[PDB]
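Enquirer: entry10.txt is reproduced in full below (compact mmCIF, N, CA and C atoms).
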# COMPACT_ATOMS: atom_id res chain seq x y z
N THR A 4 87.56 -21.63 -2.33
CA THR A 4 88.77 -20.91 -1.92
C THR A 4 88.71 -19.49 -2.52
N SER A 5 87.81 -18.71 -1.94
CA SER A 5 87.63 -17.30 -2.27
C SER A 5 87.19 -16.63 -0.98
N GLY A 6 87.59 -15.40 -0.81
CA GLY A 6 87.17 -14.66 0.35
C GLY A 6 88.18 -13.60 0.71
N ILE A 7 88.04 -13.09 1.90
CA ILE A 7 88.98 -12.13 2.45
C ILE A 7 90.05 -12.92 3.19
N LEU A 8 91.27 -12.41 3.20
CA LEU A 8 92.31 -13.03 4.01
C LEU A 8 92.06 -12.68 5.47
N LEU A 9 92.11 -13.69 6.33
CA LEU A 9 91.95 -13.46 7.76
C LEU A 9 92.95 -12.45 8.29
N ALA A 10 94.17 -12.43 7.73
CA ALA A 10 95.17 -11.45 8.14
C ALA A 10 94.70 -10.01 7.95
N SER A 11 93.71 -9.77 7.11
CA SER A 11 93.18 -8.44 6.86
C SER A 11 92.07 -8.05 7.82
N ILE A 12 91.61 -8.98 8.65
CA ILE A 12 90.60 -8.70 9.67
C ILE A 12 91.32 -8.49 10.99
N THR A 13 91.05 -7.38 11.63
CA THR A 13 91.75 -7.02 12.86
C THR A 13 90.74 -6.90 14.01
N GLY A 14 91.23 -6.42 15.15
CA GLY A 14 90.33 -6.16 16.26
C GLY A 14 89.36 -5.04 15.99
N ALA A 15 89.66 -4.19 15.00
CA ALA A 15 88.80 -3.07 14.67
C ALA A 15 87.51 -3.53 14.01
N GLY A 16 87.59 -4.59 13.20
CA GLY A 16 86.46 -5.23 12.56
C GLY A 16 86.21 -4.74 11.15
N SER A 17 85.62 -5.62 10.34
CA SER A 17 85.22 -5.32 8.97
C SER A 17 83.80 -5.82 8.77
N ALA A 18 83.04 -5.09 7.98
CA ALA A 18 81.63 -5.36 7.77
C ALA A 18 81.41 -6.02 6.41
N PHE A 19 80.49 -6.99 6.39
CA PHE A 19 80.20 -7.82 5.23
C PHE A 19 78.70 -7.91 5.02
N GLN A 20 78.33 -8.05 3.76
CA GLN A 20 76.99 -8.46 3.38
C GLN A 20 77.07 -9.95 3.05
N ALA A 21 76.51 -10.81 3.90
CA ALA A 21 76.60 -12.24 3.62
C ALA A 21 75.70 -12.66 2.47
N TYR A 22 74.54 -12.03 2.35
CA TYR A 22 73.56 -12.28 1.29
C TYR A 22 72.58 -11.12 1.40
N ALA A 23 71.61 -11.08 0.50
CA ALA A 23 70.73 -9.93 0.45
C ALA A 23 70.09 -9.66 1.80
N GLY A 24 70.31 -8.45 2.30
CA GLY A 24 69.70 -7.99 3.52
C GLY A 24 70.35 -8.48 4.80
N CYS A 25 71.40 -9.29 4.72
CA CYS A 25 72.06 -9.85 5.89
C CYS A 25 73.47 -9.29 6.00
N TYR A 26 73.72 -8.58 7.08
CA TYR A 26 74.98 -7.88 7.32
C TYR A 26 75.56 -8.31 8.66
N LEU A 27 76.87 -8.50 8.67
CA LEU A 27 77.60 -8.90 9.87
C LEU A 27 78.94 -8.19 9.92
N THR A 28 79.54 -8.13 11.12
CA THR A 28 80.87 -7.57 11.32
C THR A 28 81.74 -8.69 11.85
N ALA A 29 82.93 -8.83 11.29
CA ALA A 29 83.90 -9.82 11.73
C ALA A 29 85.06 -9.12 12.40
N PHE A 30 85.46 -9.64 13.56
CA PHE A 30 86.57 -9.15 14.34
C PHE A 30 87.55 -10.29 14.58
N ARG A 31 88.83 -9.97 14.63
CA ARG A 31 89.85 -10.97 14.92
C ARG A 31 90.60 -10.43 16.13
N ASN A 32 90.23 -10.91 17.31
CA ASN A 32 90.78 -10.43 18.57
C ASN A 32 91.96 -11.26 19.03
N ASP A 33 92.21 -12.38 18.37
CA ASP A 33 93.42 -13.16 18.56
C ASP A 33 93.59 -14.06 17.35
N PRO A 34 94.79 -14.61 17.16
CA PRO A 34 95.10 -15.34 15.92
C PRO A 34 94.39 -16.66 15.77
N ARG A 35 93.64 -17.10 16.77
CA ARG A 35 92.99 -18.40 16.72
C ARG A 35 91.49 -18.33 16.52
N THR A 36 90.89 -17.15 16.59
CA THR A 36 89.44 -17.02 16.67
C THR A 36 88.96 -15.92 15.75
N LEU A 37 87.76 -16.11 15.24
CA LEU A 37 87.04 -15.11 14.47
C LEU A 37 85.73 -14.87 15.19
N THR A 38 85.42 -13.61 15.47
CA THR A 38 84.21 -13.24 16.18
C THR A 38 83.28 -12.55 15.22
N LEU A 39 82.08 -13.09 15.08
CA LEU A 39 81.10 -12.57 14.14
C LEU A 39 79.96 -11.95 14.94
N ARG A 40 79.68 -10.68 14.67
CA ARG A 40 78.52 -10.03 15.25
C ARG A 40 77.49 -9.81 14.15
N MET A 41 76.28 -10.29 14.37
CA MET A 41 75.22 -10.13 13.39
C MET A 41 74.69 -8.71 13.53
N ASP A 42 74.66 -7.96 12.44
CA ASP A 42 74.24 -6.56 12.50
C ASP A 42 72.80 -6.34 12.04
N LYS A 43 72.34 -7.06 11.03
CA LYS A 43 71.05 -6.80 10.41
C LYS A 43 70.66 -8.01 9.57
N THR A 44 69.38 -8.33 9.54
CA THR A 44 68.86 -9.33 8.63
C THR A 44 67.52 -8.80 8.13
N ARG A 45 67.02 -9.34 7.02
CA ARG A 45 65.69 -8.93 6.57
C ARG A 45 64.66 -9.30 7.64
N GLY A 46 63.80 -8.34 7.99
CA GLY A 46 62.84 -8.54 9.05
C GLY A 46 63.42 -8.71 10.44
N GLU A 47 64.73 -8.53 10.59
CA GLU A 47 65.44 -8.80 11.85
C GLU A 47 65.18 -10.22 12.34
N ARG A 48 65.02 -11.15 11.40
CA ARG A 48 64.88 -12.56 11.71
C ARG A 48 66.24 -13.21 11.95
N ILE A 49 66.22 -14.45 12.43
CA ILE A 49 67.47 -15.17 12.63
C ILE A 49 68.22 -15.29 11.31
N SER A 50 69.54 -15.14 11.38
CA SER A 50 70.39 -15.25 10.20
C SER A 50 70.46 -16.70 9.71
N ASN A 51 70.99 -16.87 8.51
CA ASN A 51 71.25 -18.19 7.97
C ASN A 51 72.49 -18.13 7.08
N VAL A 52 73.63 -17.92 7.72
CA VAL A 52 74.90 -17.66 7.07
C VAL A 52 75.70 -18.96 7.01
N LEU A 53 76.35 -19.19 5.88
CA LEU A 53 77.38 -20.21 5.74
C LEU A 53 78.74 -19.52 5.75
N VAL A 54 79.58 -19.90 6.70
CA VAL A 54 80.95 -19.42 6.79
C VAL A 54 81.85 -20.49 6.20
N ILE A 55 82.71 -20.13 5.26
CA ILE A 55 83.67 -21.07 4.68
C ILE A 55 85.08 -20.61 5.01
N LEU A 56 85.83 -21.47 5.72
CA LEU A 56 87.24 -21.27 6.03
C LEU A 56 88.07 -22.14 5.09
N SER A 57 89.15 -21.58 4.56
CA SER A 57 89.98 -22.33 3.63
C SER A 57 91.41 -21.85 3.66
N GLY A 58 92.27 -22.64 3.04
CA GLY A 58 93.67 -22.28 2.89
C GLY A 58 94.45 -22.41 4.18
N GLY A 59 95.72 -21.96 4.10
CA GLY A 59 96.58 -22.01 5.27
C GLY A 59 96.85 -23.44 5.69
N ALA A 60 96.60 -23.72 6.96
CA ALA A 60 96.76 -25.07 7.49
C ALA A 60 95.71 -26.05 7.00
N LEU A 61 94.63 -25.58 6.37
CA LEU A 61 93.55 -26.47 5.95
C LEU A 61 93.84 -26.99 4.56
N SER A 62 93.92 -28.33 4.43
CA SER A 62 94.08 -28.91 3.11
C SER A 62 92.80 -28.84 2.28
N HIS A 63 91.65 -28.74 2.95
CA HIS A 63 90.34 -28.67 2.32
C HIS A 63 89.47 -27.77 3.18
N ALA A 64 88.53 -27.07 2.54
CA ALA A 64 87.74 -26.06 3.23
C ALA A 64 86.82 -26.71 4.25
N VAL A 65 86.49 -25.95 5.29
CA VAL A 65 85.55 -26.31 6.35
C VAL A 65 84.48 -25.22 6.36
N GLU A 66 83.25 -25.61 6.63
CA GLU A 66 82.11 -24.70 6.61
C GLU A 66 81.38 -24.79 7.95
N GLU A 67 80.72 -23.71 8.31
CA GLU A 67 79.97 -23.62 9.56
C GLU A 67 78.74 -22.78 9.30
N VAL A 68 77.62 -23.22 9.83
CA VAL A 68 76.36 -22.52 9.72
C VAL A 68 76.17 -21.62 10.94
N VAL A 69 75.77 -20.37 10.70
CA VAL A 69 75.57 -19.38 11.76
C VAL A 69 74.15 -18.85 11.66
N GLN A 70 73.32 -19.22 12.61
CA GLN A 70 71.91 -18.87 12.67
C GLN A 70 71.69 -18.16 14.00
N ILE A 71 71.87 -16.83 14.00
CA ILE A 71 71.80 -16.03 15.22
C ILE A 71 71.04 -14.74 14.91
N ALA A 72 70.52 -14.11 15.95
CA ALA A 72 69.75 -12.87 15.86
C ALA A 72 70.67 -11.67 15.69
N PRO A 73 70.18 -10.60 15.04
CA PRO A 73 70.92 -9.33 15.05
C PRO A 73 71.25 -8.95 16.48
N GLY A 74 72.51 -8.57 16.68
CA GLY A 74 73.04 -8.24 17.98
C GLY A 74 73.79 -9.37 18.64
N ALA A 75 73.55 -10.61 18.22
CA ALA A 75 74.22 -11.75 18.80
C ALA A 75 75.62 -11.89 18.21
N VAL A 76 76.47 -12.64 18.92
CA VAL A 76 77.85 -12.89 18.51
C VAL A 76 78.09 -14.39 18.46
N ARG A 77 78.87 -14.82 17.48
CA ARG A 77 79.33 -16.21 17.34
C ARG A 77 80.85 -16.19 17.23
N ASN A 78 81.54 -16.91 18.11
CA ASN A 78 82.98 -17.09 18.03
C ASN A 78 83.28 -18.39 17.33
N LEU A 79 84.22 -18.37 16.41
CA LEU A 79 84.64 -19.63 15.83
C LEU A 79 86.14 -19.73 15.73
N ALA A 80 86.65 -20.94 15.90
CA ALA A 80 88.07 -21.19 15.73
C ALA A 80 88.40 -21.10 14.25
N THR A 81 89.52 -20.48 13.91
CA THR A 81 89.86 -20.35 12.50
C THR A 81 90.72 -21.48 11.94
N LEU A 82 91.22 -22.38 12.79
CA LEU A 82 91.82 -23.64 12.37
C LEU A 82 93.06 -23.43 11.50
N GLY A 83 93.75 -22.29 11.62
CA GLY A 83 94.89 -22.05 10.78
C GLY A 83 94.55 -21.70 9.35
N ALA A 84 93.28 -21.41 9.06
CA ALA A 84 92.89 -21.04 7.71
C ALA A 84 93.57 -19.73 7.30
N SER A 85 93.65 -19.52 5.99
CA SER A 85 94.08 -18.21 5.47
C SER A 85 92.92 -17.30 5.10
N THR A 86 91.79 -17.87 4.71
CA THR A 86 90.75 -17.15 3.99
C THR A 86 89.40 -17.48 4.59
N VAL A 87 88.49 -16.50 4.56
CA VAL A 87 87.11 -16.72 5.01
C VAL A 87 86.15 -16.05 4.05
N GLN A 88 85.02 -16.70 3.85
CA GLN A 88 83.92 -16.17 3.05
C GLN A 88 82.61 -16.37 3.79
N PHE A 89 81.69 -15.43 3.58
CA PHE A 89 80.34 -15.48 4.14
C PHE A 89 79.33 -15.52 3.01
N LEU A 90 78.41 -16.48 3.06
CA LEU A 90 77.42 -16.72 2.03
C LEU A 90 76.10 -17.07 2.68
N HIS A 91 75.07 -17.21 1.86
CA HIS A 91 73.79 -17.72 2.33
C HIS A 91 73.87 -19.24 2.44
N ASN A 92 73.42 -19.78 3.56
CA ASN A 92 73.25 -21.23 3.71
C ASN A 92 71.95 -21.69 3.05
Would you encode the structure as structure tokens?

Expert:
Amino acid sequence: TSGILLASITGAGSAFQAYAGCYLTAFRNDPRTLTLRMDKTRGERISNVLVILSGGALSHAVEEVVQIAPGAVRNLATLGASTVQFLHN
């Protein structure tokens, strides 16, 4: 239960370093979804990000693995969470 509050992510987007050399932008285009665009990885290889959603409607955190190429997008439901963190899987 650490991260940025989802309420602080807007349609404009915010950029994160998930782990060394791996950068992504998160956008919140509606209150139910989080859109992740992969921006850069070491060697431009497929990412290996762990997304952790917590708080809010969630009594316990939920995690999702995101393995996508730079330039690709992953949409995920936020499940009423308050908080999100990006880490290395």

Enquirer: I want to know what sits within 6.5 Å of range 8-19 of chain A, based on only N, CA and C atoms, with residues of the same chain fewer than 3 positions away left out; could you give that as number ranges by chain?

Expert: A: 22, 25-32, 84-87

Enquirer: Using all atoms of range 30-46 of chain A that appear in the file, construct an axis-aligned enclosing box with 4 Å of padding on every side and provide its centre coordinates and edge lengths in Å, rounded to one decimal, as lines of an AutoDock Vina configuration file.

Expert:
center_x = 79.0
center_y = -12.4
center_z = 12.8
size_x = 40.3
size_y = 20.1
size_z = 20.5

Enquirer: So which one's closest to residue 34 in chain A, A:82, A:90, A:75, A:68? Using only N, CA and C atoms, please.

Expert: A:82

Enquirer: List every residue of chain A that DSSP, applied to the backbone of this structure, assigns to helix (DSSP H, G or I), and report them as a PDB file with N, CA and C atoms, in the coordinates of the input.

Expert:
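Result file is out.pdb:
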ATOM      1  N   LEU A   9      92.110 -13.690   6.330  1.00  0.00           N
ATOM      2  CA  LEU A   9      91.950 -13.460   7.760  1.00  0.00           C
ATOM      3  C   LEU A   9      92.950 -12.450   8.290  1.00  0.00           C
ATOM      4  N   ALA A  10      94.170 -12.430   7.730  1.00  0.00           N
ATOM      5  CA  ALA A  10      95.170 -11.450   8.140  1.00  0.00           C
ATOM      6  C   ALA A  10      94.700 -10.010   7.950  1.00  0.00           C
ATOM      7  N   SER A  11      93.710  -9.770   7.110  1.00  0.00           N
ATOM      8  CA  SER A  11      93.180  -8.440   6.860  1.00  0.00           C
ATOM      9  C   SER A  11      92.070  -8.050   7.820  1.00  0.00           C
ATOM     10  N   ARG A  45      67.020  -9.340   7.020  1.00  0.00           N
ATOM     11  CA  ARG A  45      65.690  -8.930   6.570  1.00  0.00           C
ATOM     12  C   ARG A  45      64.660  -9.300   7.640  1.00  0.00           C
ATOM     13  N   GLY A  46      63.800  -8.340   7.990  1.00  0.00           N
ATOM     14  CA  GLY A  46      62.840  -8.540   9.050  1.00  0.00           C
ATOM     15  C   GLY A  46      63.420  -8.710  10.440  1.00  0.00           C
ATOM     16  N   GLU A  47      64.730  -8.530  10.590  1.00  0.00           N
ATOM     17  CA  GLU A  47      65.440  -8.800  11.850  1.00  0.00           C
ATOM     18  C   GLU A  47      65.180 -10.220  12.340  1.00  0.00           C
TER      19      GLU A  47
END

Enquirer: Provide the CA of residue 81 in chain A to CA of residue 63 in chain A distance in Å, to one decimal place.

Expert: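 One can read the CA of residue 81 in chain A to CA of residue 63 in chain A distance as 13.2 Å.
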
Enquirer: Give the answer as one residue: which of A:65, A:89, A:79, A:58 has the shortest atom-to-atom distance to residue 38 in chain A, using only N, CA and C atoms?

Expert: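 Using only N, CA and C atoms, residue 38 in chain A sits closest to A:79.
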
Enquirer: Compare A:49, A:54, A:92, A:39 by their minimum atom-to-atom distance to residue 78 in chain A, counting only C-alpha atoms, and give me the closest one.

Expert: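 Between A:49, A:54, A:92, A:39, the residue approaching residue 78 in chain A most closely is A:39.
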
Enquirer: Of the candidates A:5, A:36, A:42, A:59, which one gets nearest to residue 20 in chain A if we count only C-alpha atoms?

Expert: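 Result for the nearest residue to residue 20 in chain A: A:42.
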
Enquirer: To one decimal place, how far is CA of residue 21 in chain A from CA of residue 91 in chain A in Å?

Expert: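 CA of residue 21 in chain A sits 6.3 Å away from CA of residue 91 in chain A.
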
Enquirer: Would you please work out which residue, of A:7, A:76, A:71, A:61, is nearest to residue 48 in chain A when using all atoms listed in the file?

Expert: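 Using all atoms listed in the file, residue 48 in chain A sits closest to A:71.
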
Enquirer: Do you have the atom N of residue 70 in chain A-CA of residue 56 in chain A distance handy?

Expert: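 Taking atom N of residue 70 in chain A and CA of residue 56 in chain A, their separation equals 15.5 Å.
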
Enquirer: What residues in range 7-90 of chain A get the DSSP label strand (DSSP E)? Please answer as a ChimeraX atom specification.

Expert: /A:7-8,17-22,25-33,36-43,52-57,65-69,76-80,86-90

Enquirer: Here is a test: counting only C-alpha atoms, which residue of A:60, A:88, A:83, A:45 is nearest to residue 33 in chain A?

Expert: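 Result for the nearest residue to residue 33 in chain A: A:83.
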